[PDB]
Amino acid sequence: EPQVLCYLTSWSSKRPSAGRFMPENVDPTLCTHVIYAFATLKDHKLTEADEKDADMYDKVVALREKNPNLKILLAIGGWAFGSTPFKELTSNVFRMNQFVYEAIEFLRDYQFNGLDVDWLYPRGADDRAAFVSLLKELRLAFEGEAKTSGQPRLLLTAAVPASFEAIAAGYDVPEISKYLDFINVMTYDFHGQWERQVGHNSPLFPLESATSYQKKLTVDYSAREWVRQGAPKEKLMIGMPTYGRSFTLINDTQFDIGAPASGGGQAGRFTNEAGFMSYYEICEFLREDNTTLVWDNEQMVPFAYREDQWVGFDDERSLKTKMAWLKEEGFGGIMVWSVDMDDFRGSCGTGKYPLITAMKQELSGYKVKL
């Protein structure tokens, strides 16, 4: 029963032209869960991050109206949110607990199936405990709300980093595994525009060339590191990106892995952030005159370059290769960032939703067992 958790970004509705994505562009039979990103905290209380995000929460739910087994979650936090609103939330108990109690109310008001807690990232010994405390009080209050109210319990999931260094620094893995329904490993952003050398967003395996250090910055090593630190395989949802990480090359003749980069690459027309492109933006890039598509047979992922623009991404083949690895490793399913950056319109010339469809196909008939 492999689970497929799909993140829906709220800000995708603000995209121009075709890029614009709304909750009813979602194929309600694709994913097993849809997670809406993100909400915020208004004085340590879970709330809408924008005034008529509200009607969107209502639109993203009632995807259930056409798939009643579909679970809809609300996400809190994310990258831009930072760590500060979480240290505050968890600095004292009345604050944290009244957040829990009121979040349930909030969640039930909108008829969300659960909460995805995305604190990026706890660091150090007291952040470690605050994170476990937060997860414990929420999970326990959820359990205890189900038997006072008599409804199916609210779900508790959390997104977690890939880096082994990040795991040690902020994550008591046996403890959070205990309270989380689902552990969403963000096995992407291994390399990107913060770096001055070309590297791939999401390599499954490393180059044989690689330093022992970077042999660790792979989907395979990361997911396994989590298993090593206590994580139950059936709760491990391995992250799958539908975007690629792009670079501007210092020199056009140097396009290989490790090639010097001045920084991020040209923003896509619709996502408007230099450093990455959606998959439908990748497709246009591929269609352009003399773009060179390269398959990395060691890393099992593709990248492509034209002139001084270089992008490493996931396609149908690499994602299926990862599904074969995941079934072989016995993981409980996948997490997708994000449903709105897959080619949902089918403009790439393949099917509609070609990336998530590919992963679905390869997961068919897979039962996770122990």
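Residues carry their position along the shown sequence, with the first being 1.
For the pair 97-105 and 238-246, the record assigns the higher mean C-alpha temperature factor to 97-105. When the C-alpha B-factors of 25-33 and 317-325 are averaged, 25-33 comes out higher.
Going by the entry's values, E137 shows the largest Cα B-factor out of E137, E225, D116, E195. In this entry, the residue among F190, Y179, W295, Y110 with the greatest C-alpha B factor is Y110.
Among all modelled residues in this chain, the alpha-carbon of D220 has a temperature factor (C-alpha) in the lowest third. Annotation for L204: CA B-factor lies in the lowest third of the chain's modelled residues. Among the modelled residues of its chain, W310 has a C-alpha B-factor that falls in the lowest third according to the deposited record. In the deposited entry, the Cα temperature factor of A146 sits in the top third of values across the chain's modelled residues. For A358, the recorded CA B-factor ranks within the middle third of the chain. Only modelled residues enter the ranking.
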